[PDB]
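The structure appears below as structure tokens.
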Amino acid sequence: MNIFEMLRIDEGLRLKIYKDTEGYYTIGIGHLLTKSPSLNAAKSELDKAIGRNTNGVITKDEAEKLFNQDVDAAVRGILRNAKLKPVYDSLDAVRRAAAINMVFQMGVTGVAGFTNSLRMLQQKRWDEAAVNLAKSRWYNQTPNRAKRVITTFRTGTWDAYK
Ligand SMILES: [Cl-]
Ligand SMILES: [Cl-]
């Protein structure tokens with residue numbers, strides 16, 4: 001298992017524009033296009049991302065390419081945030097994937113906001129962090145996913161992804 005497979009499980013794969021859990025326009029493997037309610041705006045952003053007149057539909061290859069770019073950006077975003085880097089650096093490989101998953105879903109900013117959890121993670125207090133991480137909108141809104149990620153931080157294993 002690895003970050004790619006992990007996120008592909010969590011985000012799924014859709015080749016036509018769709019609405020995410022928050023109702024925003026998305027495509028491919030969790031690639032958010034826009035937060036605007038305008039489908040044209042969405043189509044506009046898609047064509048621009050892909051470099052062609054897509055008409056709201058893309059191929060598998062295209063999705064994967066968006067995905068690579070997006071994983072890359074998440075890691076790099078982490079390494080460039082002063083609150084996150086130190087945390088991430090202190091973690092083992094499985095758990096770094098858990099951090100990346102979170103950033104992929106909610107952004108650097110969003111994750112950098114879990115201050116108390118971050119501290120707990122840095123201190124390697126796994127059970128405690130797990131509890132704090134669950135006291136969040138994130139968990140309340142996407143519980144099955146949140147649970148999978150939280151278990152990953154808790155255990156440093158891939159068992160939640162079987
Ligand atoms: Cl892009
Ligand atoms: Cl969920």
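Ordered as shown in the structure tokens, chains take letters A, B, and onward, while each chain numbers its residues from 1 and ligands are numbered from 1 in the order shown.
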Write out, as JSON lines, each residue of segment 32-126 of chain A that has an atom at most 6 Å from segment 21-27 of chain A, together with the closest pair of atoms and their distance in Å to one decimal, counting only C-alpha atoms, rows going by chain and rising number.
```
{"residue": "A:32", "atom": "CA", "partner": "A:26", "partner_atom": "CA", "distance": 4.3}
{"residue": "A:33", "atom": "CA", "partner": "A:26", "partner_atom": "CA", "distance": 5.1}
{"residue": "A:34", "atom": "CA", "partner": "A:25", "partner_atom": "CA", "distance": 5.6}
{"residue": "A:35", "atom": "CA", "partner": "A:24", "partner_atom": "CA", "distance": 5.3}
```
Selection as a PyMOL selection string: residues within 7 Å of ligand 2 by only C-alpha atoms and all ligand atoms: chain A and resi 142-146
Restricting it to C-alpha atoms, dump the selection as a PDB file, in the first residue's frame.
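Done, and the output landed in part12.pdb:
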```pdb
ATOM      1  CA  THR A 142     -16.919  12.148   6.661  1.00  0.00           C
ATOM      2  CA  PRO A 143     -16.757   9.633   9.386  1.00  0.00           C
ATOM      3  CA  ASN A 144     -15.805   6.519   7.426  1.00  0.00           C
ATOM      4  CA  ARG A 145     -12.940   8.212   5.792  1.00  0.00           C
ATOM      5  CA  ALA A 146     -11.849  10.105   8.856  1.00  0.00           C
TER       6      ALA A 146
END
```
Counting only C-alpha atoms and all ligand atoms, what residues are within 9 Å of ligand 1, given as a CSV table (one decimal) with C-alpha atoms, in the first residue's frame?
```
chain,number,residue,atom,x,y,z
A,31,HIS,CA,-9.6,16.8,-8.1
A,33,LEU,CA,-12.3,22.2,-9.8
A,45,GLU,CA,-11.5,25.4,-14.9
A,46,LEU,CA,-11.4,21.9,-16.2
A,48,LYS,CA,-7.7,25.0,-18.4
A,49,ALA,CA,-6.4,22.2,-16.2
A,50,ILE,CA,-6.3,19.7,-19.0
A,66,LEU,CA,-4.2,15.4,-12.3
A,69,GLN,CA,0.1,16.6,-9.8
A,70,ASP,CA,-2.1,16.9,-6.8
```
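Proximity ranking of A:160, A:85, A:40, A:94 relative to residue 55 of chain A places A:40 first, based on only C-alpha atoms.
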From A:84, A:134, A:119, A:92, residue lying nearest residue 107 of chain A [only C-alpha atoms]: A:84
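Comparing A:106, A:29, A:157, A:89 by their smallest distance to residue 61 of chain A, the closest is A:29 (using only C-alpha atoms).
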Residues flagged helix (DSSP H, G or I) by DSSP in chain A, as a ChimeraX atom specification: /A:3-11,39-50,60-79,85-90,93-112,115-122,126-134,137-141,143-155,159-161
Residue with smallest distance to residue 15 of chain A - pool A:162, A:80, A:60, A:96, counting only C-alpha atoms: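 Looking at the shortest contact to residue 15 of chain A, the residue is A:60.
For residue 79 of chain A, the non-local neighbours within 12 Å, defined as residues at least 6 positions apart in the same chain or in other chains and counting only C-alpha atoms, are residues 72, 73, 85, 86, 87, 88, 89, 96, 99, 100, 103, 108 and 112 of chain A.
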Atom-to-atom span, atom CA of residue 98 of chain A and atom CA of residue 17 of chain A, Å: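 So the answer is 26.5 Å.
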Long-range neighbours of residue 16 of chain A as JSON, numbers by chain, 8 Å cut-off, only C-alpha atoms, 2 positions minimum in chain: {"A": [14, 18, 27, 28, 56, 57, 58]}
A:20, A:44, A:52, A:150 ranked by distance to residue 97 of chain A, top pick (using only C-alpha atoms):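 Going through A:20, A:44, A:52, A:150 one by one, the smallest distance to residue 97 of chain A is for A:150.
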Picked from segment 15-124 of chain A by DSSP as strand (DSSP E), as an MDAnalysis selection string: chainID A and resid 15:19 25:28 31:34
Spatial neighbours of residue 130 of chain A, 8 Å, only C-alpha atoms, chain gap at least 4 places, as a PyMOL selection string: chain A and resi 117+126+134+150-151+153-154
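Computed from the coordinates, the atom CA of residue 81 of chain A to atom CA of residue 118 of chain A distance equals 12.8 Å.
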Excluding residue 132 of chain A and any residue of its chain fewer than 3 positions from it, enumerate the residues within 8 Å of it, using only C-alpha atoms, and give them as a PDB file with C-alpha atoms, in the first residue's frame.
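Result written to selection-v3.pdb:
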```pdb
ATOM      1  CA  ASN A 116      -3.464  20.281  19.455  1.00  0.00           C
ATOM      2  CA  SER A 117      -3.547  17.085  17.332  1.00  0.00           C
ATOM      3  CA  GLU A 128      -4.521  10.746  22.460  1.00  0.00           C
ATOM      4  CA  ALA A 129      -4.160  12.254  19.089  1.00  0.00           C
ATOM      5  CA  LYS A 135     -13.462  16.059  17.810  1.00  0.00           C
ATOM      6  CA  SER A 136     -13.809  17.788  14.459  1.00  0.00           C
TER       7      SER A 136
END
```
